[PDB]
Amino acid sequence: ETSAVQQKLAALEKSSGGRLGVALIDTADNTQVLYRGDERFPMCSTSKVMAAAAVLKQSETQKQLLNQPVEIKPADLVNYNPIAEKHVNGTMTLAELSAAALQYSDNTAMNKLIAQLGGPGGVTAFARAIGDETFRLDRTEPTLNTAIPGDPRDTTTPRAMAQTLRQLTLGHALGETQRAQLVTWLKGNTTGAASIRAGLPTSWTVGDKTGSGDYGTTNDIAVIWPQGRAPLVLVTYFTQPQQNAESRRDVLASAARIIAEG
């Protein structure tokens with residue numbers, strides 16, 4: 001059975017030619033609205049939130065950890081390194097790496113976070129520690145974005161990621177200073193203007209992390225503070241049938257516009 005919300009999302013999906021996954025949590029009353037909420041989708045760069053959060057968790061017991069400088073070698077650079085390339089043969093602190101990974105989607109920065117955590121499995125272990133039984137990180141950048149249909153590597157579900165993002169930003173999966181820091185990073189994202197944010201009222205404050213990958217995979221996860229009412233968490237995942245499909249951030253904006261109604 002479907003609601004009119006789900007019907008509108010299904011029509012958007014049909015028009016788009018792809019596969020859309022949505023999870024909304026309204027923290028006013030803890031209700032969820034889901035569309036394909038328990039299907040797996042390739043996370044692509046949305047997985048950077050879990051890696052940054054895992055380092056924040058480490059820093060709760062190692063208070064200067066975020067200011068620890070990490071060497072950037074020429075050999076560390078991958079396919080998209082807008083911030084890390086400014087620091088070759090120099091350093092970036094774990095905070096700088098987190099900001100670059102989250103706010104510019106720097107892929108070298110993500111690999112440094114993964115290395116700090118002992119490999120992709122260290123990111124997954126943190127997910128499990130905070131009650132996310134669904135997330136899995138299997139690979140580093142850039143291969144975590146292959147996004148092959150049916151492949152469970154580097155996937156989660158909309159429901160699981162919405163629940164986790166809520167716990168990380170509005171709940172207490174992290175300590176107070178750390179939750180606030182994650183919120184600061186997400187709010188300052190530079191890559192999200194055409195995704196969820198484009199579908200929401202401009203008066204609403206938004207923190208988000210986008211993702212993109214093969215199969216035209218186009219994703220965004222957000223914490224949203226509407227005017228005059230309790231915050232929301234929204235995940236919008238989208239992927240397409242053919243490997244070289246074009247990005248469709250407009251689909252994410254359209255999904256957010258549907259969800260915001262009412």
Side-chain angles (χ1 to χ4, degrees), residues 13 16-23 36-54 75-85 97 100-102 104-128 132-162 164-165 189 191-192 194-196 208-221 235-252 255:
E13 177 182 67
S16 79
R19 185 172 64 97
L20 178 65
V22 178
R36 302 190 187 285
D38 298 313
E39 297 187 27
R40 284 179 175 283
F41 291 79
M43 290 180 285
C44 302
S45 277
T46 69
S47 64
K48 294 176 189 186
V49 174
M50 194 75 78
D76 291 336
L77 298 195
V78 290
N79 61 321
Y80 185 60
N81 331 292
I83 311 305
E85 67 173 25
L97 289 161
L102 291 175
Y104 289 86
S105 214
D106 189 302
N107 279 348
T108 296
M110 171 60 153
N111 282 351
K112 293 292 191 191
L113 301 177
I114 294 171
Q116 166 60 27
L117 301 164
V123 188
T124 305
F126 168 71
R128 295 291 178 283
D132 187 325
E133 295 176 13
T134 308
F135 175 101
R136 53 185 288 181
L137 198 68
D138 295 274
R139 290 171 291 169
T140 64
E141 295 286 359
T143 63
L144 68 84
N145 306 293
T146 53
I148 296 163
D151 184 354
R153 287 177 296 184
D154 309 296
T155 65
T156 196
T157 67
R159 181 189 310 261
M161 190 60 111
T164 290
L165 188 60
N189 183 31
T191 67
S195 302
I196 286 169
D208 84 295
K209 179 72 193 83
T210 51
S212 58
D214 286 358
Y215 296 82
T217 297
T218 313
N219 298 333
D220 199 12
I221 70 175
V235 166
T236 59
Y237 285 166
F238 182 67
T239 193
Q240 301 178 69
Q242 303 302 332
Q243 179 187 11
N244 297 139
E246 78 204 297
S247 67
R248 291 295 304 272
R249 294 177 298 172
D250 65 295
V251 169
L252 309 187

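When a residue number appears, it is its place in the shown sequence, counting from 1.
Taking all atoms of both residues into account, the shortest heavy-atom contact from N145 to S45 is OD1-N, 3.9 Å. A pairwise comparison of heavy atoms in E133 and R128 identifies C-NH1, 3.5 Å as the closest pair. Closest heavy-atom contact between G18 and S16: N-OG, 3.0 Å. Among all heavy-atom pairs drawn from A160 and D132, the shortest one is O-OD2, 3.8 Å. Here the closest non-hydrogen pair linking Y215 and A245 is C-CB, 4.0 Å. Summarising the geometry of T155 relative to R40, their closest heavy-atom pair is OG1-NH1, 2.9 Å, with the distance given to 0.1 Å.
For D76 and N111, the side-chain atoms include no donor-acceptor pair closer than 3.5 Å. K209 and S47 share no donor-acceptor pair across their side chains, judged by distance under 3.5 Å alone. Using modelled atom types, one finds a donor on one side chain and an acceptor on the other under 3.5 Å when comparing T210 with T191. A donor-acceptor pair shorter than 3.5 Å cannot be found between the side chains of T134 and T157.
With rounding to the nearest 0.5 angstrom, the CG atom of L137 is 9.0 Å from the CE atom of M50. The CG atom of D154 sits 8.5 Å away from atom SG of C44, with the distance rounded to the nearest 0.5 Å. To the nearest 0.5 Å, the span separating CG on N219 from OG1 on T236 amounts to 7.0 Å. Rounded to the nearest 0.5 Å, atoms CG (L102) and CG (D208) are 10.0 Å apart. Rounding to the nearest 0.5 Å gives a distance of 12.5 Å between OG1 of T140 and CG of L113. Considering CG of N81 and OH of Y104, their distance stands at 15.0 Å, rounded to 0.5 Å.
Using a 4.5 Å cut-off on side-chain heavy atoms (C-beta onward), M43 and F135 make contact. Using a 4.5 Å cut-off on side-chain heavy atoms (C-beta onward), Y237 and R19 make no contact. Proximity of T218 to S247: side-chain heavy atoms (C-beta onward) are separated by under 4.5 Å at one or more points.
Looking at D106, its side chain does come within 3.5 Å of a backbone N or O of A84 through a donor-acceptor pair. Side-chain atoms of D220 never come within 3.5 Å of backbone atoms of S195 as a donor-acceptor pair (strictly under, hydrogens ignored). For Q240 (side chain) and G17 (main-chain N/O), no donor-acceptor pair under 3.5 Å exists by modelled atom type.
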With side-chain hydrogen bond (donor to acceptor under 3.5 Å, both in side chains) as the criterion, how do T146 and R139 come out once you've worked through the C-alpha distance, each side chain's angles and the decisive distance to 0.1 Å? CA-CA 10 Å; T146 53; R139 290 171 291 169; 2.9 Å; yes
